[PDB]
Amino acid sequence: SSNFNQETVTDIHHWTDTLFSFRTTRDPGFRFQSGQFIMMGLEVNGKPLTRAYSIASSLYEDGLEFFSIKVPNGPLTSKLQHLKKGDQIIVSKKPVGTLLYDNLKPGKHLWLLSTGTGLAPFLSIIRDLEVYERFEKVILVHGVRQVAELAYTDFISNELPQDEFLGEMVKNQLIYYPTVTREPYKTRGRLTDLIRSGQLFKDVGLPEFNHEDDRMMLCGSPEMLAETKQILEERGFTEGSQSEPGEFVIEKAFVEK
């Protein structure tokens, strides 16, 4: 240890039997940029049992928040699902990640495309002042299999526009687009199918991707990333990085083990 900060679990909310969210304290010395991730976990036998976790809380918040998977035989999330108020976790002290504004060229639009727990880095980004100073529109798209998997669906639409520090920017600039595949819902299908059929652009009121105006952030499943990366690169969009900004950056929501 001592490369970690000890934080106390303050709140827990389970969404389904596979998806929960818990908030913790935040160390005064802990500083991070929106879209980054850290190594988060538990102290087991005096050794760090951690996995990669996007930071889902805003930088303006006095605390940290994590949007987590619950896997039955998973080394971390089998113990982590049984967290309670007062429990201790460890968080690494060196943030890292590709989902940075500076890896993207200046633009008029920012498309945050996520499936499942890939919403988590964008929960930090949409609750940041600077994204709304740099992009005219922020379109958040969240793809899930079931309606119950739409974590934070009421906080984004009902409570986030009411924010006394960020609300008017959310009302005017944030577009939220939830889609569900395997249950009846107002929107249906994969987000990749929605980009193909052109329905994504019909539903949000904005024109198709073009190399001048649209910048994109992708965080989701391996199938969704490779598929959408082919969509974007065959259209002429290039992948940015710290040393060479571009139009889209990508981050793995998980890796199949």
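One rule holds for the numbers: they count along the sequence shown, beginning at 1.
If you average the C-alpha B-factors over 248-256 and over 2-10, the higher value belongs to 2-10. Stretch comparison (25-33 versus 192-200) by mean CA B-factor in the PDB entry places 192-200 on top. Note on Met169, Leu113, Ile89, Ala148: the highest value goes to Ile89, judged by CA B factor as recorded.
The PDB entry gives the largest Cα B-factor of the residues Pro222, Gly46, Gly41, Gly63 to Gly46.
Placement of the Cα temperature factor of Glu164 within the chain: highest third of the modelled residues, per the deposited record. In the PDB entry, a CA B factor belonging to the highest third of its chain's modelled residues is recorded for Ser78. Remark: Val131 belongs to the highest third of its chain, ranked by C-alpha B-factor as recorded. Among all modelled residues in this chain, the alpha-carbon of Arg51 has a temperature factor (C-alpha) in the middle third. When all modelled residues of the chain are sorted by CA temperature factor, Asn210 is found within the highest third.
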